[PDB]
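Everything on this sheet refers to the single structure shown next.
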Amino acid sequence: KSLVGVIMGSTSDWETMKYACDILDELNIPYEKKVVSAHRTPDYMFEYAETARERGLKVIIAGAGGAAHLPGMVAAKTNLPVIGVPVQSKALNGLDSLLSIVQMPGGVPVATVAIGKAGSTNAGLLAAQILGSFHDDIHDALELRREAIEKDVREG
Amino acid sequence: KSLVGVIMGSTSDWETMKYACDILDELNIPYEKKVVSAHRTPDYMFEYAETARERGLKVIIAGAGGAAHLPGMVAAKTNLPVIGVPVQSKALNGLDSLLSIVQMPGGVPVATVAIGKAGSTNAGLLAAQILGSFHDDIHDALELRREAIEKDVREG
Amino acid sequence: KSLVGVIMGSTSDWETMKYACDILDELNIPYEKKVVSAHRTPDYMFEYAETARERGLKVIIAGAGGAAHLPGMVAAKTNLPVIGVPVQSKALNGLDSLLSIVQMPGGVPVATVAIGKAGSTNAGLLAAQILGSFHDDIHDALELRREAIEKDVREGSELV
Amino acid sequence: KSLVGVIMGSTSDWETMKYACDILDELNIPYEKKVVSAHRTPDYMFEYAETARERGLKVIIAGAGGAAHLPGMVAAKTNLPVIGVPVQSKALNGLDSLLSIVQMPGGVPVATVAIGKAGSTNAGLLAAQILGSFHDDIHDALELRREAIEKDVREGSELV
Amino acid sequence: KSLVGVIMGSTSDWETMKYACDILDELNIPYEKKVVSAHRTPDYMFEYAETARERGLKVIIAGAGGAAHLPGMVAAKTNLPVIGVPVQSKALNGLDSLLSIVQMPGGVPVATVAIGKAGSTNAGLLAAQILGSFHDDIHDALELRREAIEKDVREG
Amino acid sequence: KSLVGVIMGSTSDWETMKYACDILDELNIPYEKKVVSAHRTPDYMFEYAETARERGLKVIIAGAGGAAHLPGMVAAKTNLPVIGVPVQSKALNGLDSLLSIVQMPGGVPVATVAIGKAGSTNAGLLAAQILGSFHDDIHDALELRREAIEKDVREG
Amino acid sequence: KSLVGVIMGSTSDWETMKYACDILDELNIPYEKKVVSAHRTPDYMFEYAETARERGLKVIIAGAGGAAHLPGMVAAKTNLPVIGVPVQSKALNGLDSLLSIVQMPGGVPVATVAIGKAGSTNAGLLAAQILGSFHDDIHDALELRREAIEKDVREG
Amino acid sequence: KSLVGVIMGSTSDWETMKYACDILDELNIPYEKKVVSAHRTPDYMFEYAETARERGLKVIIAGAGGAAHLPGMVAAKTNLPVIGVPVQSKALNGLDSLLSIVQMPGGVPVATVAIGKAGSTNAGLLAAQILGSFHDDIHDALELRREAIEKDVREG
């Protein structure tokens, strides 16, 4: 059923990660959302990453802040595309989050998006675009959505 | 023929972008490589982004340094996934490149990877992972590639 | 009619960009203000840049935050002077805005000003100074304006 | 004679500032180049700024690194457009230069360009664009220049 | 009469600069406080720096934020020690203020202190320490002040 | 036999990590050194962390650069003290390394040391200090070592 | 009695440092808490560091902000492991704190933790992990604590 | 005899600190130069700071890099003005040095100068200016020196 997995390290990250989920709902893309902590539930994170392909997921969106290792460790355990959303940390305003996620070494990519809510929104859209590369209907919806916002901004 | 488009603003960026192209070659994914400058050939960039889908491309890999606008402006003109590789700039060592690419606003995602050559490498792998979500053979090749490196590092 | 064009990616940027427009009003420089988004209305942005000179514009003031590409992409499409105002972003406080605007490569300059409201004010003054290089009346107005502030600051110099 | 003044705090900055001057030469815009130090020749800097308009200058390009105060202090003393080129400093790689120049307060704008040589090139182009807002011949030259580079980049687009 | 001159570019900087003035009051060092703007009253700033020595001043404390040029331009026009207090700017939290002040080139030193109120406090103490190098009574007062705080913190 | 485990993601990190090992040799503390990559050998990393205590290790020193997750992921899988050495990365000079290691969330500490070789040296010393809290002979050796350097710097 | 010493430069730091103390209470590890200022009570700091081992302390947790020298100066005066908590400063949000603590030179390590409260929590846990290397009961408690959180996050 | 003390943590800092000493030689101001390490010779540093006034020093110039605590700890032990020169560190290019020195808390000022050699030059000049506040001959020399450089730059 689910094509996209949206995961995060803590329930306090839900404030940020729900934007991604809104986009998936808006585009009618089935997904699952779960708390998976790289540091508090490491084994559970490995099991989630390992089984993702077998369970039918095509893309994983992972949100994390501070020493954000969730996206990269999930990426090291699955060859599904993994999208990393840097959550805005308290002290360093997501600078720590961003560098921990985007600077992955050769071999283990993480598709990194902007810090915060704009990034979460974009993670959902990027997941959609990934599916849209083979699901013509999802691609056509992204074009129509983008054409409506364009008309709205230009004429508003 | 070509599934992935690898573009960059200058021939000097090739030193960085070739790593992505080596990965595509290694995984037998057909691709095209071109110089497309957001600032020196803006119209051409739009024409390249507009037609990408019609031409058969499924993913675009774009590299740029400094005020790196190439990935983002291409992403605004196509709903294909766009992967942005921040090139290491002279003065700010790709920090400017990184922020200009990854901080895209809600509506226009760019899958951002590490600054420099590690990122270029990962851009090629990420493009493969995207294709691998629907091309099992490409996915199987990524798994085998990762398993060989694993064995190599652990036994080495 | 309009000599300056003041543009921005979103209505939320108006809070910042109105400072530039207050300056143009204060100096009686005709201008137009529009929402032009590099990412949400890319084609419209190109059309706005391309036609600027034909429409009579002499300078463009463009405000944007985050991955701020509006000033740079407008500058790549017109040879009118383009002034970029980095809008204070939420997470990185305009640092992302600043670098995305000022670090333009050889061939496509963008006259970059301070982050936020101070930069917006100065964008309006910089546009006026540009016009003032050939309009003596505008230049004289800038001198007078600056002389009044100087007197105002110096005669209110005692902290009491 | 001279329409643009290109100044810098030290001879060592010439390595960076000559890029602006190559552009002015290429476009046949008369200019003058001088060493004017905000910290080592402060009085001379004020004299140079004060008199710029009387001497016929229309734009000033000022390069400085570190605690780069030359562009800002020149801008506080003339209402001609002042373009600031952040010179790449040794320790902070121009980050100090950049912030010292771009973050000018309301009232005293400085048109800030990229750190280093790319910024220097663009300072020359920006000065030309400023003049080009009223000199159609200079504007036409900028359009032609930009059209030739475009063709040059696009026809050498195949990586081989 | 006045031994120290405390100046700043705007009345809004007073919130920060008063701490330095409280210290001078506390140590009975005569001082003057004025608004002197490097960018809005440049000529006046030069005149204030030029005449400082003739007028009897021994130290200048200058506060400024953003592109903070006041301390540095004053320092270039007088050979009195000049203490620069970086005011906390809105966007960059005084980072711009700090670099613009402290990075002065060889030939024109500015004694730079902490960003904000702690620095303002220290500017007053530093000015006293300078005077205390030749005024034993001022030095003795600094020692007693520091000894009282020490006792207060350790026993508190 | 081995009380300390010194690990790193790549052989290229050896240049930095040998400083820690030199200290352990100097102090005659038995240790093991291995390449363990969080991203290239994730499973092996888990196995290494899990079994550390059973194998007799008391402290783990882990070095990594860029998106440095090795120390943190090892720390999430063992309750032995884990010391993180940020390796100096090419583009961001270890700033990415530092933030990815030090900013661990509540529950999973990583004792972080300086970027580069100085940090590596200190990692070995810190591991010794930890052992020295219960091994009086190791503590006495650290004091004597520190006293000799003190005499050397002051008299040199 | 006390095995751990928790110190800080000012009572205002207490808000951050109590997190470490809560952990030590939770784990029933006896400790002492004191205000010890590197800059306001330097002599006292030296005395506290010097005598730590004689007084029976095994680990010292030190919190400081801004130009945070407390952890490092304490570390230069004792060969007990010293854990540095960077307190979130007002202007630079602990970046100054972090760099002033973590960047210790070869010879004088400071085990550095995250900026703020998360770091304080981890400082207490790290101190326990150090004691746990030789106190099996403390180690078992850390494992049980970590297992309960794991079950709580995964099932919650 | 000596009016100024020039100290540093390591002989490798001499490359930077000699510029300050050149200025003092050029201006004929007697001074002493010594290696004093805040971390390797902490007690010796306290003794040097404590006795500075009694020995006749009027100003102390202290150079240090990384976690640069030498200037601040010396400042906490003497009420003589203390000038801090941030040495350019390897990884963070003196950013660490700068923040560790300039962000001193209220009560313990450090007169901070630019990172590197320009700062060292300026430390010597600032010390001179401090003495020049009461030694008319030293002040007159600073004016003449500055007038010669002005003529040289303007006419050169």
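Following the order of the structure tokens, chains are lettered A, B, ..., residues in each are numbered from 1, and ligands are numbered from 1.
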Rows by chain and residue number, chain D within 8 Å of chain C, shortest pair, only C-alpha atoms, as CSV:
```
residue,atom,partner,partner_atom,distance
D:58,CA,C:133,CA,5.6
D:59,CA,C:133,CA,7.8
D:79,CA,C:129,CA,6.3
D:80,CA,C:129,CA,5.9
D:81,CA,C:129,CA,5.6
D:83,CA,C:111,CA,7.6
D:102,CA,C:114,CA,5.2
D:103,CA,C:114,CA,4.3
D:104,CA,C:114,CA,6.0
D:105,CA,C:118,CA,5.4
D:106,CA,C:118,CA,4.5
D:107,CA,C:122,CA,6.1
D:108,CA,C:122,CA,6.5
D:109,CA,C:122,CA,4.8
D:110,CA,C:113,CA,6.5
D:111,CA,C:111,CA,4.4
D:112,CA,C:112,CA,4.5
D:113,CA,C:102,CA,5.4
D:114,CA,C:103,CA,4.3
D:115,CA,C:103,CA,6.8
D:117,CA,C:106,CA,8.0
D:118,CA,C:106,CA,4.5
D:119,CA,C:106,CA,6.8
D:121,CA,C:106,CA,5.7
D:122,CA,C:109,CA,4.8
D:123,CA,C:109,CA,7.1
D:125,CA,C:109,CA,6.8
D:126,CA,C:109,CA,5.9
D:129,CA,C:81,CA,5.6
D:130,CA,C:81,CA,6.1
D:132,CA,C:80,CA,7.6
D:133,CA,C:58,CA,5.6
D:134,CA,C:134,CA,7.0
D:139,CA,C:79,CA,7.1
D:142,CA,C:79,CA,6.8
D:143,CA,C:79,CA,6.7
D:146,CA,C:107,CA,7.6
```
Using only C-alpha atoms, which chain B residues lie at most 10 Å away from chain F, written as number ranges by chain? B: 87-89, 92-95, 114-116, 146-156
Residues flagged strand (DSSP E) by DSSP in chain D, as a PyMOL selection string: chain D and resi 4-8+31-35+59-65+82-87+111-112
I want to know what sits within 8 Å of stretch 27-30 of chain F, based on only C-alpha atoms, with residues of the same chain fewer than 3 positions away left out; could you give that as a VMD selection string? chain F and resid 1 to 4 23 to 24 128 138 141
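As for atom CA of residue D:14 and atom CA of residue D:85, they are spaced 11.7 Å apart.
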Could you please select, counting only C-alpha atoms, the residues of chain C within 8 Å of chain E and state them as a list in words?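 Residues satisfying the distance criterion: residues 88, 93, 94, 95, 115, 116, 146, 149, 150, 153, 154, 156, 157, 158 and 159 of chain C.
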Could those residues be written to a file, using C-alpha atoms, as a compact mmCIF listing (two decimals), in the first residue's frame?
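Everything below was put into result07.txt:
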```
# COMPACT_ATOMS: atom_id res chain seq x y z
CA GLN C 88 16.18 38.03 6.71
CA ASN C 93 19.00 35.02 9.55
CA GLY C 94 19.75 36.19 6.06
CA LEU C 95 23.17 34.57 5.80
CA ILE C 115 20.34 42.17 5.20
CA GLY C 116 16.86 43.36 6.09
CA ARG C 146 22.00 63.78 4.02
CA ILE C 149 20.22 64.04 9.00
CA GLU C 150 23.82 65.13 9.77
CA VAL C 153 22.34 63.70 14.59
CA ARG C 154 25.07 66.19 15.56
CA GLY C 156 21.10 65.82 19.21
CA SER C 157 24.61 64.56 20.11
CA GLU C 158 24.38 65.03 23.87
CA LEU C 159 23.09 61.89 25.59
```
Set the distance at 10 Å and use only C-alpha atoms: which residues neighbour residue B:58 once local chain neighbours fewer than 6 positions away are removed? I'd like the list as a VMD selection string. (chain A and resid 129 to 130 132 to 134) or (chain B and resid 2 to 5 52 79 to 82 127 130 to 131)
Selection near residue D:7, 7 Å with only C-alpha atoms, sequence-local residues under 4 positions removed, as a ChimeraX atom specification: /D:33-36,61-63
Writer output for current selection, N, CA, C and O atoms, as a short mmCIF file (atom, residue, chain, number, x, y, z; two decimals), in the first residue's frame:
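The new file part23.cif reads:
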```
data_model
loop_
_atom_site.label_atom_id
_atom_site.label_comp_id
_atom_site.auth_asym_id
_atom_site.auth_seq_id
_atom_site.Cartn_x
_atom_site.Cartn_y
_atom_site.Cartn_z
N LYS D 33 42.85 55.23 -11.34
CA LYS D 33 43.10 54.20 -10.33
C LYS D 33 44.09 54.75 -9.32
O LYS D 33 45.13 55.29 -9.70
N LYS D 34 43.76 54.63 -8.04
CA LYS D 34 44.60 55.17 -6.99
C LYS D 34 44.53 54.34 -5.74
O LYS D 34 43.53 53.65 -5.47
N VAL D 35 45.60 54.42 -4.96
CA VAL D 35 45.64 53.80 -3.65
C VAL D 35 45.13 54.84 -2.64
O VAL D 35 45.71 55.92 -2.50
N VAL D 36 44.01 54.53 -2.00
CA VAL D 36 43.38 55.42 -1.02
C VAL D 36 43.03 54.52 0.16
O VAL D 36 42.18 53.65 0.02
N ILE D 61 34.47 52.75 -7.51
CA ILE D 61 34.68 51.33 -7.22
C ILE D 61 35.78 51.27 -6.16
O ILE D 61 36.89 51.73 -6.41
N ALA D 62 35.48 50.71 -5.00
CA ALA D 62 36.43 50.68 -3.89
C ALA D 62 36.66 49.29 -3.36
O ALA D 62 35.71 48.64 -2.92
N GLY D 63 37.91 48.83 -3.37
CA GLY D 63 38.26 47.49 -2.92
C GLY D 63 39.01 47.53 -1.61
O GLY D 63 39.86 48.39 -1.42
#
```
Find the distance between atom CA of residue F:49 and atom CA of residue F:78 and write it in Å to one decimal.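 Answer for the atom CA of residue F:49 to atom CA of residue F:78 separation: 5.6 Å.
The space separating atom CA of residue F:64 from atom CA of residue G:126 comes to 19.9 Å.
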Which parts of stretch 31-125 of chain B does DSSP call alpha helix (DSSP H) when run on the backbone here, written out as a PyMOL selection string? chain B and resi 42-51+70-75+95-102+117-125
Output C-alpha atoms for every residue in that selection, as an mmCIF file, in the first residue's frame.
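File out.cif, as written:
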```cif
data_model
loop_
_atom_site.group_PDB
_atom_site.id
_atom_site.type_symbol
_atom_site.label_atom_id
_atom_site.label_comp_id
_atom_site.auth_asym_id
_atom_site.auth_seq_id
_atom_site.Cartn_x
_atom_site.Cartn_y
_atom_site.Cartn_z
ATOM 1 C CA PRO B 42 19.723 31.801 -19.038
ATOM 2 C CA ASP B 43 17.328 31.257 -21.960
ATOM 3 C CA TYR B 44 19.138 28.045 -22.918
ATOM 4 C CA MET B 45 18.828 26.834 -19.342
ATOM 5 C CA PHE B 46 15.059 27.373 -19.502
ATOM 6 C CA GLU B 47 14.838 25.574 -22.839
ATOM 7 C CA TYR B 48 16.912 22.676 -21.451
ATOM 8 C CA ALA B 49 14.663 22.379 -18.354
ATOM 9 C CA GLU B 50 11.359 22.780 -20.288
ATOM 10 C CA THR B 51 12.124 20.017 -22.784
ATOM 11 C CA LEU B 70 21.538 26.442 -11.843
ATOM 12 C CA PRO B 71 19.982 23.548 -9.900
ATOM 13 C CA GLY B 72 17.193 25.733 -8.476
ATOM 14 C CA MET B 73 16.195 27.505 -11.680
ATOM 15 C CA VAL B 74 16.178 24.196 -13.584
ATOM 16 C CA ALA B 75 14.027 22.694 -10.792
ATOM 17 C CA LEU B 95 29.430 27.203 1.832
ATOM 18 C CA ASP B 96 27.870 29.779 -0.547
ATOM 19 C CA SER B 97 27.318 27.010 -3.109
ATOM 20 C CA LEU B 98 25.615 24.850 -0.428
ATOM 21 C CA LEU B 99 23.230 27.465 0.957
ATOM 22 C CA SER B 100 22.266 28.761 -2.534
ATOM 23 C CA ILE B 101 21.231 25.290 -3.574
ATOM 24 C CA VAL B 102 19.767 23.525 -0.557
ATOM 25 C CA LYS B 117 33.553 15.338 -5.453
ATOM 26 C CA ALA B 118 31.913 13.129 -2.815
ATOM 27 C CA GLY B 119 28.634 14.857 -3.698
ATOM 28 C CA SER B 120 29.184 14.474 -7.441
ATOM 29 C CA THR B 121 29.717 10.759 -6.865
ATOM 30 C CA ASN B 122 26.557 10.618 -4.766
ATOM 31 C CA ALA B 123 24.565 12.585 -7.359
ATOM 32 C CA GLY B 124 25.205 9.762 -9.816
ATOM 33 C CA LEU B 125 24.279 7.164 -7.212
#
```
For residue E:106, which residue out of D:3, D:30, D:40, D:17 is the nearest one, using only C-alpha atoms?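 When distances to residue E:106 are compared using only C-alpha atoms, the smallest one comes from D:40.
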